[PDB]
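Just below is one structure, and these are the notes that go with it.
Protein chains: 2
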Amino acid sequence: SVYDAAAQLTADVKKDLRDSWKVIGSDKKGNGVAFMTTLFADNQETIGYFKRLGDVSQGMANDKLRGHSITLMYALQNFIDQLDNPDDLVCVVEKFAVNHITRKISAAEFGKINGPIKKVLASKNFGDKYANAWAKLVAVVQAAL
Amino acid sequence: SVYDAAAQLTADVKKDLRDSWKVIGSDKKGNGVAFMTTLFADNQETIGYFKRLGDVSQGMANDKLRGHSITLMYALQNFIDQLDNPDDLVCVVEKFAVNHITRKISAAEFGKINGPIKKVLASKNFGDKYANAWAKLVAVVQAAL
Ligand code: HEM
Ligand code: HEM
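Chain order of the listed sequences is B and A.
Residues in the first sequence are numbered from 2 upward in steps of one, following the authors' numbering.
Residues in the second sequence are numbered from 2 upward in steps of one, following the authors' numbering.
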């Protein structure tokens, strides 16, 4: 199933992912926090999963949230680096899913990250074309949940 | 404390970490798997913590082990990237510690990774000077467990 989702990552899709990541990944702390604070603002209900982070309204200044946000970006870095080898992408995606499955995060719940990603990409001037590419990457993860 | 341990990362220690990582981080899959197989060989008692991975003697052929090994390298990449800012290094280290604390991995247990790191580093022509540099980085994580 994960392999089938990975099949949607065509040559053009992988190219758009790498080009956008070249910019997005250049500031992991800034964009990582941007992803999270946008998620919490557009889908307040997701905050229920992050009680451990404490006062998330503090944003960047919250050490726990900042730590989580930076770390989140290295999972994407991992995914992006394995794009040319389906076997490695799949094993890393399934490895990543383990803890999220334990947390009872469904594919539908995980999909809520698409909105924030689209908004952050747009703030960097990466249009719908790029948003659709990232949605496909997220779909690979969703297939493992 | 983790804040006191982070201060132990002096100028030259950070420099040796970067120079060695430039080579070691070049092949995350190969070196990551080497780290793990060496750990399981020198400390068979730690295999119990990785029951989910299955037959760990299969090495590279074991998809779950390969997935974990590659992922492990991105945590180190994270640490190396935060060396410039002690505040970020600390929040990233504490974030990383959460799941290991939940698994009841003690500071002493975590320290068993020092052997494997020294051996892989030696196989790449990086001697004691570098092994000790990495031990100091590992000590920062140990302080958070
Ligand atoms: C593309 C998006 C995402 C990425 C790359 C990502 C990445 C990560 C990473 C690397 C970790 C640390 C390792 C672990 O514990 O598994 C993590 C932890 C976690 N993730 Fe995900 N995640 C994403 C989306 C989500 C979403 C949408 C939710 C919830 C609706 C979620 C909830 C969690 C929680 C609760 C933790 C633990 C936080 C803590 O207490 O420190 N993740 N995630
Ligand atoms: C250089 C040291 C190490 C690094 C960088 C590292 C990194 C990681 C990462 C990134 C994960 C995935 C995220 C998570 O679930 O927390 C993880 C999982 C894990 N780590 Fe650590 N780790 C290290 C050493 C150890 C040691 C020494 C043990 C115990 C003897 C250990 C036991 C575990 C276990 C059991 C898992 C879950 C494996 C699975 O079911 O997939 N780790 N570690």
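We treat Cβ as the ideally placed atom computed from N, Cα and C, and that holds for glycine.
Worksheet entry | the stretch 90-104 of chain A touching the stretch 134-143 of chain A, judged by at least three CB pairs closer than 8 Å | The stretch 90-104 of chain A makes contact with the stretch 134-143 of chain A: 3 or more CB pairs, one atom from each, lie closer than 8 Å.
Worksheet item: Taking the Cβ atom as the reference point for each residue, do residue 84/B and residue 10/B lie within a distance shorter than 8 Å?
Response: Position 83 of the first sequence, counted from the start, is the residue given in the question as residue 84/B. Position 9 of the first sequence, counted from the start, is the residue given in the question as residue 10/B. The Cβ atoms of residue 84/B and residue 10/B sit closer than 8 Å to each other.
Practice prompt. Enumerate, from N- to C-terminal direction, the unbroken alpha helix (DSSP H) stretches of 4 or more residues contained entirely within the stretch 3-78 of chain A.
Written response: If we require 4 residues or more, the alpha helix (DSSP H) runs fully inside the stretch 3-78 of chain A come out as 3-7, 12-25 and 29-43.
Item to complete: State yes or no: is the C-beta of residue 91/B within less than 8 Å of the C-beta of residue 80/B?
Response: Numbered from 1 along the first sequence, position 90 holds the residue referred to as residue 91/B. Numbered from 1 along the first sequence, position 79 holds the residue referred to as residue 80/B. The answer is no: Cβ separation not under 8 Å.
Fill in: Within 9 Å of chain B by C-beta, residues of the stretch 87-99 of chain A in sequence order
If the cut-off is 9 Å between Cβ atoms, the stretch 87-99 of chain A has 88, 89, 91, 92, 93, 94, 95, 96, 97 and 99 near chain B.
Item to complete: Please report the residue range of the alpha helix (DSSP H) in which residue 89/B lies.
Response: Indexing the first sequence from 1 puts residue 89/B at position 88. Residue 89/B -> alpha helix (DSSP H) spans 87-103.
Discussion item. Distance check for residue 76/B and residue 102/A, CA to CA, integer angstroms please.
Written reply: The residue you call residue 102/A lines up with position 101 of the second sequence. The residue you call residue 76/B lines up with position 75 of the first sequence. Those two C-alpha atoms are separated by around 20 Å.
Worksheet entry | Cβ pair residue 17/A, residue 109/A closer than 8 Å | Numbered from 1 along the second sequence, position 16 holds the residue referred to as residue 17/A. Numbered from 1 along the second sequence, position 108 holds the residue referred to as residue 109/A. No; because the gap between Cβ atoms is not below 8 Å, this pair is not in contact.
Fill in: Distance CB(residue 130/B)-CB(residue 25/B) smaller than 8 Å
For this step, residue 130/B is matched to residue 129 along the first sequence. For this step, residue 25/B is matched to residue 24 along the first sequence. With a cutoff of 8 Å on beta-carbon distance, residue 130/B and residue 25/B are scored as not near each other.
Worksheet item: Count the other CB atoms within 10 Å of the CB of residue 104/B; is the residue buried (16 or more) or exposed (fewer)?
Response: Position 103 of the first sequence, counting from 1, holds the residue named residue 104/B. Exposed: under 16 other Cβ atoms inside 10 Å.
Practice prompt. Give a single yes or no on whether residue 63/B has its beta carbon closer than 7 Å to a heavy atom of ligand 1.
Written response: One-based indexing of the first sequence puts residue 63/B at position 62. Not one heavy atom of ligand 1 is found less than 7 Å from the C-beta of residue 63/B.
Worksheet item: Got a sec: is the Cβ-Cβ distance from residue 26/A to anything in chain B below 8 Å?
Response: In the second sequence, residue 26/A corresponds to position 25, counting from 1. For residue 26/A, the answer is no, since every Cβ of chain B falls outside 8 Å of its Cβ.
Discussion item. Give me the chain A residues within the contact set of residue 64/B, using Cβ-Cβ distance strictly less than 7 Å, ordered along the chain.
Written reply: On the first sequence, residue 64/B is found 63 positions in, with the first residue counted as 1. From the beta-carbon of residue 64/B, the residues of chain A found nearer than 7 Å are 92.
Worksheet item: Quick one: what does DSSP say residue 128/B is sitting in, helix, strand or coil?
Response: The residue you call residue 128/B lines up with position 127 of the first sequence. In the displayed model, residue 128/B falls within coil according to three-state DSSP, outside both helix and strand.
Discussion item. I'd like to know whether the C-beta of residue 78/A is nearer than 8 Å to at least one C-beta of chain B.
Written reply: Along the second sequence, one-based indexing puts residue 78/A at 77. In terms of beta-carbon proximity, residue 78/A lines the interface with chain B, with at least one pair separated by less than 8 Å.
Worksheet item: What residue does the alpha helix (DSSP H) around residue 108/A start on, and which one ends it?
Response: As a working note, residue 108/A is residue 107 in the second sequence. 108-111 is the span of the alpha helix (DSSP H), which, as asked, contains residue 108/A.
Worksheet item: How would you label residue 67/A, buried or exposed, when you count the other beta carbons within 10 angstroms and need 16 or more for buried?
Response: Translated into positions along the second sequence, residue 67/A becomes position 66. Burial call: buried.
Item to complete: Inspect the CB distances between the stretch 44-54 of chain A and the stretch 51-70 of chain B and report whether three or more fall short of 8 Å.
Response: Contact between the stretch 44-54 of chain A and the stretch 51-70 of chain B is absent, because fewer than three Cβ pairs lie under 8 Å.
Worksheet item: Is any beta-carbon of chain A found at less than 8 Å from that of residue 19/B?
Response: Translated into positions along the first sequence, residue 19/B becomes position 18. No - not a single Cβ of chain A is within 8 Å of the one on residue 19/B.
Discussion item. Does the CB of residue 30/A have a neighbour CB from chain B at under 8 Å?
Written reply: Within the second sequence, residue 30/A is the residue found at index 29, counting from 1. With 8 Å as the cut-off, residue 30/A counts as an interface residue toward chain B.
Item to complete: Just mark residue 52/B as buried or exposed, buried being the case when its beta carbon has 16 or more other beta carbons within 10 Å.
Response: Start at 1 with the first residue of the first sequence, and residue 52/B comes out as number 51. Within 10 angstroms of the beta-carbon of residue 52/B lie fewer than 16 other beta-carbons, which makes it exposed.
Discussion item. Just to confirm my understanding: we take residue 30/A, look at its own chain, exclude 5 residues before and 5 after, and list those with CB closer than 6 Å. What are they?
Written reply: As a first step, residue 30/A must be located in the second sequence, where it is residue number 29. Residues 71 of the same chain have their beta carbon placed closer than 6 Å to that of residue 30/A, with the five preceding and five following residues left out of the count.
Practice prompt. Take residue 34/B as the anchor and find which of 19/B, 54/B, 15/B and 23/B has the nearest alpha-carbon.
Written response: Walking along the first sequence from the start, residue 34/B turns up at place 33. Of the candidates 19/B, 54/B, 15/B and 23/B, the one whose C-alpha sits nearest the C-alpha of residue 34/B is 54/B.
Worksheet entry | Separation of residue 38/B from residue 132/B, as counted between CA atoms | Translated into positions along the first sequence, residue 132/B becomes position 131. Translated into positions along the first sequence, residue 38/B becomes position 37. Whole-angstrom Cα-Cα distance: 18 Å.
Item to complete: Would you verify that the beta carbon of residue 68/A is, or is not, closer than 8 Å to some beta carbon of chain B?
Response: Against the second sequence, residue 68/A aligns to sequence position 67. By this cut-off, residue 68/A is an interface position.
Fill in: Neighbour-count burial assignment, residue 7/A, 16 or more Cβ in a 10 Å radius
Here residue 7/A corresponds to residue number 6 of the second sequence, with the count starting at 1. Of the other Cβ atoms in all chains shown, 16 or more fall within 10 Å of the Cβ of residue 7/A; this residue is therefore buried.
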